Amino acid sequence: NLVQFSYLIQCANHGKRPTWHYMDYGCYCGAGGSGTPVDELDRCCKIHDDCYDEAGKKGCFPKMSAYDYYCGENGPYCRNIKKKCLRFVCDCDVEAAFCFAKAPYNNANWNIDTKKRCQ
């Protein structure tokens, strides 16, 4: 999951910020998953969790291999067609990489008290 997701995030945001900046943000960007998303970047992470829960109920995890993608001028896009579970997880990852690149990064929402703000 994380290695290829990091390449898609870095492609979409052009290098603006390191992937780790999105790993402990709000209520949903990171390990847990409770409460209401604190902002539009946090809503990106919640949709990505919904997407990964759907992929798991379709038997798409663990990943058979690396999915196919290309980083063009355009930003990243997925290229698997015949391998359906690899295309489904890549779609989840590239929609969150674009969402992240377009959402404002609110520095006050990095590493919050999640037991309190999301519960």
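Residue indices: 1-based, along the sequence shown.
Averaged over their C-alpha atoms, the temperature factors of 25-33 and 50-58 are higher for 25-33.
Once the C-alpha B-factors are averaged per stretch, 15-23 and 91-99 rank with 15-23 first. In this entry, the residue among 8, 3, 112, 118 with the greatest C-alpha B factor is 118. Ranked by Cα temperature factor within the chain, residue 64 sits in the highest third according to the deposited record. In this PDB entry, residue 38 carries a Cα temperature factor that places it within the highest third of its chain's modelled residues.
Among all modelled residues in its chain, residue 45 ranks in the middle third by Cα B-factor.
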